Amino acid sequence: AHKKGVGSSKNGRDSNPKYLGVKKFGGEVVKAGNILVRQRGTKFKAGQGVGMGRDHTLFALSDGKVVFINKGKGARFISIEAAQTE
RNA sequence: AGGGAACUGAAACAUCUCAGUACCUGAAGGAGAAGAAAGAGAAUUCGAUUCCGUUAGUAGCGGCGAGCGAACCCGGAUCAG
RNA sequence: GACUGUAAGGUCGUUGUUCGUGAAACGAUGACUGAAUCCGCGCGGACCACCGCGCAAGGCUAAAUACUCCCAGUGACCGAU
RNA sequence: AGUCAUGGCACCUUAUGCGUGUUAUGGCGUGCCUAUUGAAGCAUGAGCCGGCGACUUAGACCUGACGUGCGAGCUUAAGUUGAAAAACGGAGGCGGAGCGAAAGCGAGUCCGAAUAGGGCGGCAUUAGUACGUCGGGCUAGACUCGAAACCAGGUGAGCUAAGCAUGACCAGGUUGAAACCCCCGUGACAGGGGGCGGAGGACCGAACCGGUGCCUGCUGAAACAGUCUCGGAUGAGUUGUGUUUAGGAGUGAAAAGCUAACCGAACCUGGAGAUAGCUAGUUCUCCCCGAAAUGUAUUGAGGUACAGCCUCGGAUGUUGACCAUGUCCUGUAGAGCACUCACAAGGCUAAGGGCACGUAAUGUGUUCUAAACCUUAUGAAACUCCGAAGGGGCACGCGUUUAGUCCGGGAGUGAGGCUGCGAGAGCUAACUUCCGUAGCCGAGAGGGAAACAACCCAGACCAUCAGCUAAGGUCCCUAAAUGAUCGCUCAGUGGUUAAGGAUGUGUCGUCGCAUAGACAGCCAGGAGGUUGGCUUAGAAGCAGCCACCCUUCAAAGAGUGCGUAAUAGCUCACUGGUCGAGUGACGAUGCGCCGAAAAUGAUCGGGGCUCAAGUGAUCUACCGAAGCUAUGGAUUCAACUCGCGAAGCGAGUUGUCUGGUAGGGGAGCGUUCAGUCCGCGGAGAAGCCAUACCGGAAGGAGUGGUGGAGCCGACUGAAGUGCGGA
RNA sequence: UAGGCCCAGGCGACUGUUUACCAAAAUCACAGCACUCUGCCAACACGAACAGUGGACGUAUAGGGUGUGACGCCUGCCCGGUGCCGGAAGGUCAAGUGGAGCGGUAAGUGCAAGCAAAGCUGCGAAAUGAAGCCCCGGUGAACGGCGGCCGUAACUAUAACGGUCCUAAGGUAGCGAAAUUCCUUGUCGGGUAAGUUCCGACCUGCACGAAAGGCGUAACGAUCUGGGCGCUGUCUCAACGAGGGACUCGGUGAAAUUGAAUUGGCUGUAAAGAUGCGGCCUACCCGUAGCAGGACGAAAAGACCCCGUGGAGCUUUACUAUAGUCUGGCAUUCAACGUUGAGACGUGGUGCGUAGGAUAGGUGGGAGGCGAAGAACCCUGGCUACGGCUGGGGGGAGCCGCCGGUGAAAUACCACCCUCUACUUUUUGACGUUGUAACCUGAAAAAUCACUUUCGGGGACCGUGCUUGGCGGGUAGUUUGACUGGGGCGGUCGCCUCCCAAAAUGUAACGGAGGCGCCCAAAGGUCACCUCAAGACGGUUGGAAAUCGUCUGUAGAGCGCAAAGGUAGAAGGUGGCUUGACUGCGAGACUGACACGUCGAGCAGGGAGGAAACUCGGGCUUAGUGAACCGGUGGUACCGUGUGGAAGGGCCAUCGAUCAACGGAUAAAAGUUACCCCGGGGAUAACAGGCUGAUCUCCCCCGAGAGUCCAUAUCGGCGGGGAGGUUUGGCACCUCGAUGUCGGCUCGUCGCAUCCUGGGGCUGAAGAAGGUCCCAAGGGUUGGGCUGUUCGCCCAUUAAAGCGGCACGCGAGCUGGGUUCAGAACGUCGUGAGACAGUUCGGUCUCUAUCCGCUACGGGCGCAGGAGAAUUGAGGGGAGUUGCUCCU
RNA sequence: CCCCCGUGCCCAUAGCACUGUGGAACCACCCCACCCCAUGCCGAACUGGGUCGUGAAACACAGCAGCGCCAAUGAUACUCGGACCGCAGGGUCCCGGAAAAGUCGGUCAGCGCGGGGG
């Protein structure tokens with residue numbers, strides 16, 4: 001194509017955010033937080049990041065994978081009250 | 001047989017589908033046309049053309065696109081020089 | 001009964017075939033090659049090896065398949081714009 | 001146009017104050033089709049009558065409901081029979097374990113170094129299949145039609161015309177030139193006079209060819225003219241008839257004119273209907289349900305695909321949404337500020353720069369933002385350690401109901417509007433335009449709103465001149481208390497309107513004060529240093545710059561405003577006194593106005609209102625919806641029995657029975673063809689004209705009339721089965 | 001009975017053509033000359049067919065195409081570039097010949113891996129080489145340009161002149177607002193008073209000119225403009241009369257069209273242009289004459305336009321076919337002849353591992369090989385990595401097979417294939433040369449064909465076939481993309497950052513800003529230490545700044561390039577070791593209907609750092625991502641239509657497109673119509689309304705400033721509230737089953753804000769006369785010049801010459817007059833066909849009125865017995881302007 | 001109940017500054033230096049061996065506001081929702097959730113956790 005001044009005719013662009021696991025919901029190794037398409041492991045989404053926080057959640061099953069370096073993953077040992085078995 | 005485009009479709013669009021179709025011209029009987037061959041098949045089988053029955057609506061073809069489409073096994077009229 | 005019933009493959013350019021032709025023999029043409037010539041010759045989809053079958057050389061073959069000017073008869077059609 | 005509505009004349013195929021044939025008039029009320037978001041339109045189609053009135057017909061083209069054949073299943077070709085047939089018939093394919101490129105493998109499977117995974121025999125498993133009508137689709141124009149354009153062939157060119165031939169049309173006048181001849185200034189001889197001559201698309205202009213402009217008139221005379229002005233008229237003139245040229249060529253004065261009244265490539269028979277996402281339409285009457293102009297795709301846009309979005313078969317044995325509650329977050333709105341951009345004032349900042357008699361940085365010194373630290377203390381969509389409504393996630397539990405739960409036959413037509421919620425292009429303007437979120441109209445009526453898609457109230461089974469609620473109203477034209485205290489009250493605003501204003505007004509706080517009976521309307525005091533220095537003519541209280549000290553007396557303004565080049569004059573103010581019971585300047589709710597003057601004629605629906613029936617606060621009740629209860633009756637899904645030895649059917653009852661545009665499941669009226677015809681009709685049916693029984697509508701019914709020979713019936717299948725409207 | 005007259009400016013030299021029905025003009029049309037070619041049984045035409053003639057029955061001062069068109073003077077610098085001929089060192093071309101070579105097999109071998117004629121086939125090109133593509137030469141009544149920028153004595157001004165860009169060049173005869181000027185109707189002057197006009201010139205002539213020319217230039221052309229001469233009595237009032245239609249009567253009476261009329265209006269309302277709607281007022285009903293505002297008048301479903309993956313038509317190098325035309329190849333072209341190349345048959349014929357009488361890739365036969373065609377031996381000339389190829393002569397009657405050895409082999413005589421050769425024969429591009437068997441042009445038998453009988457003749461040439469290259473719109477099928485806050489030049493077409501997006505997801509946009517389709521053997525993995533810009537302390541080449549020590553440092557660096565988020569325990573910097581930017585997996589997740597991309601503990605193998613630990617699908621990510629057929633290759637048996645290989649296929653992986661129109665879809669493509677036809681259309685423009693109210697006319701706010709000073713006699717820096725809105729429009733709502741600009745006469749009738757009276761406020765107004773404002777209509781408002789004119793200014797008037805009405809009133813009047821329908825000319829342009837609300841010349845124009853309604857006259861009905869006629873009345877209309885003498 | 005090397009909870013009701021003090025068991029400096037380790041240079045915080053000395057700012061403890069730092073249901077600002085003034089904002093009431101500064105206080109905590117002592 002070809003363009004100049006006093007006019008312009010250019011497109012625009014975005015993508016799908018798509019958070020996914022919706023907080024206190026079962027667990028397993030869903031996904032959630034496509035802030036970074038590459039992503040990484042997480043085990044158990046505690047809700048980290050800079051400053052005090054961490055998502056009030058606690059709900060064991062499996063690994064997790066989440067977001068970027070932006071906020072925070074989890075990996076915590078603890079189901080919620082459970083700790084012995086299952 | 002000499003015979004030859006073409007609106008269409010491919011969502012338009014020169015290979016293409018129509019196809020060898022419209023038309024022209026030559027022949028005879030109300031029958032001419034392929035029909036007994038340097039052949040089809042395929043287990044180391046089967047003979048004279050064509051039609052439809054079933055396959056195969058397969059193989060292939062193919063701006064690799066719509067699309068056209070045998071032989072492998074089959075009926076009878078005929079399984080005669 | 002009157003007659004006598006037994007003397008061409010090929011190359012290059014291409015049409016077809018289902019094959020828009022190219023990864024393929026096979027009908028044939030445009031100019032060039034009339035070789036083989038018999039355990040020699042035509043091809044199995046180019047060629048190698050072995051098999052299979054057919055042999056330059058010209059036609060006849062009625063019967064069905066496909067047709068519908070006329071003569072009886074026949075169909076859950078119309079009704080004389 | 002309407003339907004009802006009291007009357008009104010008639011009749012009474014049953015006195016029975018009950019009806020038949022009807023109308024002044026009242027409520028008001030705008031048609032149908034049908035491509036439309038959208039109207040009732042002037043948006044379009046329509047004078048009527050009679051018919052044609054289309055997605056179907058053959059195709060193992062396929063998927064699927066139901067009934068049936070079979071569980072190990074179902075058949076083509078015609079050969080024999082032959083007014084039916086039919087068994088005989090594995091040509092044959094589909095179902096069948098599968099996977100794999102396939103090979104081949106294997107009840108298990110592609111990966112290679114292979115318990116971990118997607119499909120499969122498998123499997124808490126149908127292994128089925130054929131016939132029929134049928135959901136969509138398919139091979140064909142096969143929903144039809146409306147296009148100019150491409151072709152094969154063929155037909156005249158007597159239309160306008162080139163080329164070929166034989167004949168033809170032209171009354172005169174004017175100009176009257178070259179040739180011929182005698183003479184001559186003339187050697188030769190070029191040249192000069194005229195005579196006759198006879199030339200010239202010359203002259204007027206009849207006939208002859210074709211025409212520059214008005215006119216009548218475009219159903220006019222005629223799908224075609226008439227009146228007046230010209231040239232060709234001793235000629236690039238015209239003409240009778242005959243004739244090859246032609247289509248993708250000729251003719252041709254070139255206009256891109258003509259081939260026979262349109263040639264951007266003739267006509268007619270023929271090739272295909274050019275095909276068509278364009279667009280007109282696509283026929284009788286229906287019971288319960290129901291939408292998109294949002295996103296992804298496109299040489300793609302009012303084209304089309306699919307998905308959320310509808311109906312239906314099967315299903316999802318606890319998974320629904322709401323809530324009380326647990327728990328985590330998003331970080332708008334805003335605060336606030338200290339990394340971002342900029343913000344105001346002060347201290348200070350000039351490692352800063354220059355005005356400056358300097359001058360080894362210049363030691364000396366100065367002046368101002370300016371970076372910018374603190375303070376004072378600024379903004380914001382794209383600011384920071386803050387912070388929520390709301391919402392989601394699941395969980396605890398049941399209140400109404402299948403909410404949680406996929407595979408499929410088939411949709412729609414993609415191009416809307418408005419109020420609320422906020423921005424984008426934007427004089428925050430636009431039923432302009434982009435977006436999402438509730439509703440609304442595309443698919444349903446009203447009161448209010450003058451009548452009028454989204455606005456306040458409300459969405460229906462058909463019938464009753466039965467009741468109340470909300471809005472709207474309580475004066476009238478057409479319902480409903482000018483019933484109750486009272487202001488702005490007076491403009492007719494209230495019924496199109498504002499920045500700026502006028503000492504109009506019900507009512508809350510101060511003030512110098514008329515319980516010194518103040519000022520606001522007077523009598524008398526009304527001049528001295530200085531009448532101030534200065535621009536100087538004087539400016540002397542007043543053309544100017546600046547400035548305000550005291551005096552007679554108990555006090556009195558460096559002078560407002562008058563005259564004016566500038567004195568004189570009256571006075572802004574103070575003092576002795578004279579009736580003297582409150583004046584003047586703003587915030588606060590509520591009103592009228594100066595702006596708040598258009599064009600057809602008024603611009604609250606109208607009447608008309610200060611008996612405010614203009615607005616606001618109270619209290620009871622009414623008027624007042626097809627929204628709800630009563631009553632007969634429907635449709636439909638579910639819900640507690642019952643009547644079932646032959647196709648299934650419901651009262652008793654509760655919600656749904658909504659209205660429905662593309663659609664899903666579903667019933668029929670009847671005509672033609674066919675089955676059985678004992679048949680129905682001479683008192684004569686069928687053809688037709690009219691009478692209040694029933695039916696979900698469509699329609700079936702009672703009888704004559706007339707008419708002349710047949711005609712339809714139940715159980716059944718078939719058919720070009722049905723708009724007036726193209 | 002019949003040229004109107006004259007001067008002048010624009011075009012054409014006048015007779016000819018025709019818009020067959022709007023339009024006859026400066027348009028084409030004539031000899032002369034300009035470019036030629038053909039140059040003959042000719043070019044060319046139609047004809048595939050040549051047969052045919054036209055050409056002409058001709059061969060040239062002849063004909064086919066192209067330019068202007070009397071005659072008179074003249075006609076040019078850019079050949080960079082389109083087009084033509086020319087020249088031939090050479091560079092680019094050929095399908096069938098093209099040694100070798102490679103790719104599939106196969107009787108050899110063997111232990112198999114593995115390597116073999118090749119009277120098979122592809123791969124494969126030396127070479128061959130005719131045009132054309134480079135150039136060299138030219139080439140203008142061929143196309144085309146005829147350029148730009150700085151200054152110069154004049155006060156200034158263009159100014160004979162300076163530098164240079166472009167060069168391919170690079171403006172002169174005439175005219176110069178003339179049928180090339182936007183910008184302006186230019187600027188001075190004639191004509192009456194005067195102008196978008198006629199001219200006479202000037203010259204800063206949008207973008208005049210050399211042959212589709214420039215000017216000149218008489219008559220003549222139904223071409224535009226100026227005036228006048230008498231007139232046209234057109235306009236003012238035109239006036240009156242006639243023959244015929246409008247009315248009495250007899251008969252005939254259709255078509256275009258259409259739902260339906262108890263069919264009055266307002267103002268309002270409605271997809272706003274309502275009469276059946278709202279609310280109000282109003283008519284005794286009907287007939288016919290007449291008139292246009294009226295139904296969104298009629299007709300073909302606008303044909304101006306847009307949409308339509310419609311058609312036709314023309315042109316251009318659009319993609320490309322193609323006759324035709326230009327070139328090469330063999331035959332109807334036969335022996336010879338000067339020949340470079342080339343194949344075979346024939347002798348045969350290079351070969352140095354010692355030695356073998358002797359220096360070997362040879363076999364069967366063999367008992368005798370050579371020699372009067374002269375044989376041991378010698379001389380001697382030619383290519384020798386030192387072998388060899390022959391003659392003659394010197395000697396003339398003499399040299400050779402077998403039990404020899406060794407060598408891959410023992411031999412000659414008849415053969416021998418290989419890299420390889422010169423001819424006695426044959427075949428083959430040939431260049432040049434005689435003759436005669438394809439052929440065609442001039443006598444004789446019914447005379448231009450057909451036989452042509454001896455025909456001269458020249459002769460392999462002319463040419464048909466299939467193949468090739470070039471040209472070619474001569475002819476053909478299509479594209480030419482689309483979007484679209486309208487056509488559309490421009491601008492847009494994929495991915496990524498958000499602002500605005502409406503605190504989960506969460507869209508748009510001719511709303512806005514930054515870019516890209518990478519980097520990197522390392523900014524990758526491991527282990528370790530180190531906080532960055534930034535100020536201050538004064539000290540170096542050190543007139544800031546670069547050097548260092550220091551505290552501070554919500555750390556303000558940097559981490560590969562927008563942006564957001566992350567950022568020390570550093571993903572940050574540095575540095576040693578070294579790469580899993582590995583493979584086979586993978587419960588459970590988001591993304592989207594599909595497309596699928598993103599997450600990752602853990603399993604399997606062998607590895608790296610590393611004690612171990614820990615990490616290891618290149619690294620912060622999202623932008624560096626990225627298509628199916630076809631093809632490029634090694635594994636792969638997994639096979640392969642006869643079977644075994646094998647043309648092939650798939651699989652492992654992988655490479656070919658600024659397609660940067662990025663879901664593209666083909667690999668494959670332009671312009672043009674005002675002659676158009678259709679499909680629809682204001683759900684797809686423009687001319688009217690319309691929501692709106694930008695700009696338009698008018699008033700409001702107090703203080704600066706005029707007025708001697710001095711706000712308002714009158715205005716008002718800056719700005720503030722709106723009524724109207726018909727100022728050019730923003731909206732695309734029904735109008736495309738179609739409503740045709742503007743203006744002119746006339747009818748005009750509304751409104752007022754008042755254009756001229758009137759009575760009033762003031763007046764910085766003595767009068768005369770005004771300057772602004774207040775109030776309502778009572779009235780009324782010219783003629784000349786041009787234009788189509790709205791407008792506009794020029795001349796005089798006028799009490800003054802209005803403003804907003806009405807789709808800027810209206811063809812159911814005409815007019816078109818401009819221009820805006822098709823013709824031609826100019827100006828620049830597109831290559832050409834062609835483009836312009838740029839300029840100019842002409843240039844048909846409607847239509848049987850039932851009617852609503854209005855100007856009229858009648859048929860009647862009528863308030864109560866029937867009647868001729870005379871009457872007072874609501875009220876419906878008519879219903880108005882003004883200068884000037886004289887007089888206190 | 002003593003002093004005290006130390007692991008968390010944590011994350012400014014433990015940032016800094018003022019007084020002083022303990023050293024012998026806690027902890028600093030140091031000493032010696034060639035060799036393990038081999039520091040951008042050296043071996044100084046990264047080095048092998050330890051009995052002087054001292055604890056000085058650095059190591060510890062309580063008092064300890066100069067400002068930080070936690071700092072409230074309470075009025076405001078903000079908000080699911082109801083009719084309204086009213087011009088969009090903005091605004092009345094009803095009316096729930098319910099910032100911040102400002103009001104005090106406190107700040108140099110506190111509990112398990114391995115010890116060298118009278």
# chains A, B, ... in the order shown; residues from 1 in each chain; ligands from 1

$ residues_around --residues "segment 10-21 of chain C" --least-positions-apart "5" --cutoff "6 Å" --atoms "only C-alpha atoms (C1' of nucleotides)" --output "number ranges by chain"
B: 15, 61, 69

$ write_last_selection --atoms "N, CA and C atoms (P, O5', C5', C4', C3', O3' and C1' of nucleotides)" --output "PDB file, in the first residue's frame"
ATOM      1  P     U B  15     -11.250 -21.292 -21.825  1.00  0.00           P
ATOM      2  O5'   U B  15      -9.707 -21.669 -21.770  1.00  0.00           O
ATOM      3  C5'   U B  15      -9.075 -22.310 -22.868  1.00  0.00           C
ATOM      4  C4'   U B  15      -8.315 -23.516 -22.386  1.00  0.00           C
ATOM      5  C3'   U B  15      -9.166 -24.721 -22.009  1.00  0.00           C
ATOM      6  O3'   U B  15      -9.381 -25.529 -23.157  1.00  0.00           O
ATOM      7  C1'   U B  15      -7.575 -24.270 -20.307  1.00  0.00           C
ATOM      8  P     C B  61      -4.943 -37.415 -12.337  1.00  0.00           P
ATOM      9  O5'   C B  61      -5.863 -36.610 -13.358  1.00  0.00           O
ATOM     10  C5'   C B  61      -5.747 -36.822 -14.765  1.00  0.00           C
ATOM     11  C4'   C B  61      -6.960 -36.275 -15.482  1.00  0.00           C
ATOM     12  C3'   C B  61      -7.138 -34.770 -15.305  1.00  0.00           C
ATOM     13  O3'   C B  61      -6.434 -34.062 -16.321  1.00  0.00           O
ATOM     14  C1'   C B  61      -9.176 -35.891 -14.825  1.00  0.00           C
ATOM     15  P     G B  69     -20.404 -38.349 -18.305  1.00  0.00           P
ATOM     16  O5'   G B  69     -19.259 -39.311 -17.752  1.00  0.00           O
ATOM     17  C5'   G B  69     -18.344 -39.945 -18.645  1.00  0.00           C
ATOM     18  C4'   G B  69     -17.242 -40.639 -17.870  1.00  0.00           C
ATOM     19  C3'   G B  69     -17.584 -41.910 -17.098  1.00  0.00           C
ATOM     20  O3'   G B  69     -17.651 -43.058 -17.936  1.00  0.00           O
ATOM     21  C1'   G B  69     -16.223 -40.511 -15.758  1.00  0.00           C
TER      22        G B  69
END

$ closest_atom_pairs --of "chain D" --to "chain A" --cutoff "6 Å" --atoms "only C-alpha atoms (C1' of nucleotides)" --output "CSV"
residue,atom,partner,partner_atom,distance
D:328,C1',A:56,CA,4.1
D:393,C1',A:24,CA,4.9
D:394,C1',A:25,CA,5.7

$ write_last_selection --atoms "N, CA and C atoms (P, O5', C5', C4', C3', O3' and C1' of nucleotides)" --output "PDB file, in the first residue's frame"
ATOM      1  P     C D 328     -10.985 -12.421  52.541  1.00  0.00           P
ATOM      2  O5'   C D 328     -10.545 -12.347  51.012  1.00  0.00           O
ATOM      3  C5'   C D 328      -9.414 -13.064  50.530  1.00  0.00           C
ATOM      4  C4'   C D 328      -9.293 -12.877  49.040  1.00  0.00           C
ATOM      5  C3'   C D 328      -9.517 -11.428  48.545  1.00  0.00           C
ATOM      6  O3'   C D 328      -8.348 -10.617  48.507  1.00  0.00           O
ATOM      7  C1'   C D 328     -10.859 -12.933  47.312  1.00  0.00           C
ATOM      8  P     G D 393     -20.493 -16.984  38.143  1.00  0.00           P
ATOM      9  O5'   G D 393     -19.335 -17.248  39.203  1.00  0.00           O
ATOM     10  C5'   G D 393     -18.034 -17.621  38.771  1.00  0.00           C
ATOM     11  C4'   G D 393     -17.311 -18.355  39.869  1.00  0.00           C
ATOM     12  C3'   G D 393     -18.180 -19.265  40.720  1.00  0.00           C
ATOM     13  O3'   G D 393     -18.402 -20.526  40.097  1.00  0.00           O
ATOM     14  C1'   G D 393     -16.723 -18.001  42.106  1.00  0.00           C
ATOM     15  P     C D 394     -19.881 -21.144  40.066  1.00  0.00           P
ATOM     16  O5'   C D 394     -19.973 -21.990  41.409  1.00  0.00           O
ATOM     17  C5'   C D 394     -19.060 -23.053  41.648  1.00  0.00           C
ATOM     18  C4'   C D 394     -18.665 -23.100  43.101  1.00  0.00           C
ATOM     19  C3'   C D 394     -19.745 -23.419  44.114  1.00  0.00           C
ATOM     20  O3'   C D 394     -19.983 -24.821  44.170  1.00  0.00           O
ATOM     21  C1'   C D 394     -18.371 -21.660  44.917  1.00  0.00           C
TER      22        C D 394
END

$ closest_residue --among "A:3, A:42, A:16, A:50" --to "residue 385 of chain D" --atoms "only C-alpha atoms (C1' of nucleotides)"
A:50

$ residues_around --residues "residue 7 of chain A" --least-positions-apart "2" --cutoff "12 Å" --atoms "only C-alpha atoms (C1' of nucleotides)" --output "JSON, numbers by chain"
{"A": [2, 3, 4, 5, 9, 10], "E": [490, 491, 492, 510]}

$ write_last_selection --atoms "N, CA and C atoms (P, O5', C5', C4', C3', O3' and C1' of nucleotides)" --output "PDB file, in the first residue's frame"
ATOM      1  N   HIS A   2       0.218   2.400   0.030  1.00  0.00           N
ATOM      2  CA  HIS A   2       0.884   3.699   0.013  1.00  0.00           C
ATOM      3  C   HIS A   2       0.016   4.805   0.610  1.00  0.00           C
ATOM      4  N   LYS A   3       0.645   5.667   1.405  1.00  0.00           N
ATOM      5  CA  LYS A   3      -0.043   6.781   2.045  1.00  0.00           C
ATOM      6  C   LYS A   3       0.783   8.063   2.052  1.00  0.00           C
ATOM      7  N   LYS A   4       0.194   9.129   2.583  1.00  0.00           N
ATOM      8  CA  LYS A   4       0.847  10.432   2.661  1.00  0.00           C
ATOM      9  C   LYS A   4       0.341  11.230   3.855  1.00  0.00           C
ATOM     10  N   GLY A   5       0.303  12.551   3.707  1.00  0.00           N
ATOM     11  CA  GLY A   5      -0.174  13.408   4.782  1.00  0.00           C
ATOM     12  C   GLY A   5      -1.577  13.916   4.525  1.00  0.00           C
ATOM     13  N   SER A   9      -4.969   6.596   6.658  1.00  0.00           N
ATOM     14  CA  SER A   9      -5.945   5.536   6.446  1.00  0.00           C
ATOM     15  C   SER A   9      -5.276   4.257   6.941  1.00  0.00           C
ATOM     16  N   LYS A  10      -5.075   4.207   8.253  1.00  0.00           N
ATOM     17  CA  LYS A  10      -4.437   3.089   8.933  1.00  0.00           C
ATOM     18  C   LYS A  10      -5.347   2.329   9.892  1.00  0.00           C
TER      19      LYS A  10
ATOM     20  P     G E 490      -5.337   8.604  -6.441  1.00  0.00           P
ATOM     21  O5'   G E 490      -5.274   9.516  -5.139  1.00  0.00           O
ATOM     22  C5'   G E 490      -4.376  10.620  -5.056  1.00  0.00           C
ATOM     23  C4'   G E 490      -4.578  11.353  -3.750  1.00  0.00           C
ATOM     24  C3'   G E 490      -4.499  10.516  -2.495  1.00  0.00           C
ATOM     25  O3'   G E 490      -3.147  10.270  -2.127  1.00  0.00           O
ATOM     26  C1'   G E 490      -6.356  11.970  -2.349  1.00  0.00           C
ATOM     27  P     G E 491      -2.716   8.806  -1.632  1.00  0.00           P
ATOM     28  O5'   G E 491      -3.628   8.562  -0.351  1.00  0.00           O
ATOM     29  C5'   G E 491      -3.486   9.377   0.808  1.00  0.00           C
ATOM     30  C4'   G E 491      -4.730   9.291   1.659  1.00  0.00           C
ATOM     31  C3'   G E 491      -5.103   7.904   2.187  1.00  0.00           C
ATOM     32  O3'   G E 491      -4.391   7.518   3.354  1.00  0.00           O
ATOM     33  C1'   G E 491      -7.016   8.956   1.265  1.00  0.00           C
ATOM     34  P     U E 492      -4.228   5.961   3.702  1.00  0.00           P
ATOM     35  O5'   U E 492      -5.650   5.351   3.355  1.00  0.00           O
ATOM     36  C5'   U E 492      -6.695   5.326   4.306  1.00  0.00           C
ATOM     37  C4'   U E 492      -7.268   3.938   4.365  1.00  0.00           C
ATOM     38  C3'   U E 492      -6.244   2.826   4.435  1.00  0.00           C
ATOM     39  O3'   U E 492      -5.799   2.609   5.768  1.00  0.00           O
ATOM     40  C1'   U E 492      -7.875   2.298   2.799  1.00  0.00           C
ATOM     41  P     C E 510     -14.516   5.694   9.071  1.00  0.00           P
ATOM     42  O5'   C E 510     -13.916   7.125   8.733  1.00  0.00           O
ATOM     43  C5'   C E 510     -12.674   7.552   9.282  1.00  0.00           C
ATOM     44  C4'   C E 510     -12.297   8.892   8.708  1.00  0.00           C
ATOM     45  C3'   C E 510     -13.408   9.939   8.623  1.00  0.00           C
ATOM     46  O3'   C E 510     -13.448  10.661   9.857  1.00  0.00           O
ATOM     47  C1'   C E 510     -12.114   9.899   6.614  1.00  0.00           C
TER      48        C E 510
END

$ residues_around --residues "residue 689 of chain E" --least-positions-apart "4" --cutoff "12 Å" --atoms "only C-alpha atoms (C1' of nucleotides)" --output "PyMOL selection string"
chain E and resi 272-273+726+733+735+807

$ atom_distance --atom1 "atom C1' of residue 102 of chain F" --atom2 "atom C1' of residue 66 of chain F"
20.9 Å

$ residues_around --residues "residue 76 of chain A" --least-positions-apart "6" --cutoff "8 Å" --atoms "only C-alpha atoms (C1' of nucleotides)" --output "ChimeraX atom specification"
/A:43-46

$ atom_distance --atom1 "atom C1' of residue 3 of chain F" --atom2 "atom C1' of residue 55 of chain F"
17.2 Å

$ residues_around --residues "residue 43 of chain C" --least-positions-apart "4" --cutoff "12 Å" --atoms "only C-alpha atoms (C1' of nucleotides)" --output "number ranges by chain"
B: 38-39; C: 9, 25-26, 52-54; E: 642
